[PDB]
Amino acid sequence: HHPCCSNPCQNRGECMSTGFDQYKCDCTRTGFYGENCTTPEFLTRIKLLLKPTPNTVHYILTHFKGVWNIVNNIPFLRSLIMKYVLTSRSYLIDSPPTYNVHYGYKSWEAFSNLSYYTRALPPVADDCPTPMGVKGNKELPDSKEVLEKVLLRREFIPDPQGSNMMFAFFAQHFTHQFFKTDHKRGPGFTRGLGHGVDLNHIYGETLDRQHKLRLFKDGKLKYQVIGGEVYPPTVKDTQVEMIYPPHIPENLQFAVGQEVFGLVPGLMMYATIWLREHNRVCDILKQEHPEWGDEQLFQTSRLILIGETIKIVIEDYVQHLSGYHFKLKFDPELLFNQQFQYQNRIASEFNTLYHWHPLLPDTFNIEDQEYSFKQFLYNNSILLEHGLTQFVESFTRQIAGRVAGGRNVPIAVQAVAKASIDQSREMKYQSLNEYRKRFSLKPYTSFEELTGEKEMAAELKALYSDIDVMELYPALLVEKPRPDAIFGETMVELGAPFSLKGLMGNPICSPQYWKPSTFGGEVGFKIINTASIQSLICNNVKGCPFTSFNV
């Protein structure tokens, strides 16, 4: 078998076979040397002693409110701390990207082929005597058994951080622009070739699709008016391929950027809100530039909405998730004197960790109705019956579920969760503890340390035997959450760097793009730097209802 199967190389060292029975570690720039890259250079030893742990930094960020009150109001300071926040997680993502499901060593195929998700860790080699390499049993536990014992919801566990259905659908709408698994090819492949925040879920992945969705007048997107309300256009009008069951009324077959968005009225809510936002920005730009044509109006509005999206994700969405007293800031200037690559490639592991199905409730509570999954699926008439305004008001009040902490996956989505386990295995994912080390975290020494609990720990112990072979995806959902948090440490420490890269890596954040002229003048630039989840709903939903990501 492959001599690297045991993952001997530590601290980001790279393993390479040298003959059938031998390996060498390459410790270049790791800060370590020795056969396994385990011996610290002097400078490294100092850095390691002085560096605070993620749990310590989180404590400091979620306490001392008096300090953060001052910091948040001194702009020079707020910028300085945000600069630390951004740069601390910069050495952690390979960029240019490296590995993929088919390549456990660097290759031009892995670099150049955009159809693959990239990989933060190389796959376990094909011939390893064990699923995770060398430790554990010959077979991993039955995935159904893992799912049922420690993943499936018994009683609904509410998010102690107070996440609402506005947050849950925002998460799903946002991520589905860049997690677009090409199931025809396999779980290691994506259809989102832009690899980030390009708003293809609004505009379409291809030029053919975009041009079918565009009005070609005033930069705008096609729409229909139903009962005085602006909604996305139909499949029939646009000839735009969408996923719908045969039994759906023509006018409820909405055509939008992402093909799967008719699946959920909650997703259509955001599709409609964003469509309106685009057309609203078109109106503003036309007033500012009566000289501009349709093409420049469209393209400029698109860049602005990309900007809006990133502003909201950092300052409202990530801000909410973080639980910090410090106010995070979207400001591209902060990296201008740093070393940062303005590029991104979506990691398979980012896709995996983002399977936050425990967010979903048992019923979808709108006005006085309580919709089950069956009746809520594919049913856009619910959106039109209640209206966007009542959707917002209802979803702002309904609490979402806790993600970490175990046993909170709705049984309606049990097949998706089993698939996450099975697909992790198909893609030869390394173990939880390997991923923890990869992201500078101490490996868990027991199952009880993982869960911070006794019952699920015992069930996991009997299923896996060894903590070093525990799988990543189920570990994220059973992990001991931070104090009164939705997530555990592993979710945040893996998730933050992928996120930073996807948000700040966008070309509009680069020195040559981050200029008022890029966005049609100071008015366009202003739209971005004033955007909030509240302003988005206020400007596009009748009656400007109050909204937020928390109940």
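Just so we're on the same page, rigid core means the largest C-alpha set that superposes within 1.5 Å between forms. Numbers follow the displayed sequence, beginning with 1.
**Q** 85-93 versus 405-413: which one's CA atoms end up farther from this form in 6 other deposited structures of this protein after a core fit?
**A** Greater root mean square C-alpha distance in 6 other deposited structures of this protein: 85-93.
**Q** With the rigid core held as the alignment frame, decide whether 248-256 or 287-295 lies farther from the shown form in 6 other deposited structures of this protein, in terms of RMS C-alpha distance.
**A** Of 248-256 and 287-295, the stretch deviating more in 6 other deposited structures of this protein is 248-256.
**Q** Which is higher in the entry, the mean Cα B factor of 107-115 or that of 355-363?
**A** Going by the record's values, the stretch with the higher mean is 355-363.
**Q** With respect to the recorded C-alpha B factors, which stretch has the higher mean value, 183-191 or 78-86?
**A** Mean C-alpha B-factor is greater for 78-86.
**Q** Between 293, 97, 257, 249, where does the Cα B-factor run highest in the record?
**A** It is 249.
**Q** Between 93, 318, 197, 303, let me know which has the highest C-alpha B-factor in the entry?
**A** Across 93, 318, 197, 303, the entry lists the biggest C-alpha B-factor for 93.
**Q** In terms of the chain's CA B-factor thirds, is residue 520 lowest, middle or highest?
**A** Its C-alpha B-factor belongs to the lowest third of this chain's values.
**Q** Using only modelled residues of the chain, where does the Cα B factor of residue 68 rank: lowest third, middle third or highest third?
**A** Highest third - that is where residue 68 ends up once the chain's C-alpha B-factors are sorted.
**Q** Lowest, middle or highest third of the chain for the C-alpha temperature factor of residue 244?
**A** Its C-alpha B-factor, which the entry lists for residue 244, ranks in the highest third among residues of this chain.
**Q** Using the B-factors in the PDB entry, rank residue 487's C-alpha atom against the chain and give the third, lowest, middle or highest.
**A** Middle third of the chain for residue 487's C-alpha B-factor.
**Q** Residue 336's Cα B-factor: lowest, middle or highest third of the chain?
**A** Highest third, going by the recorded CA B-factors of the chain.
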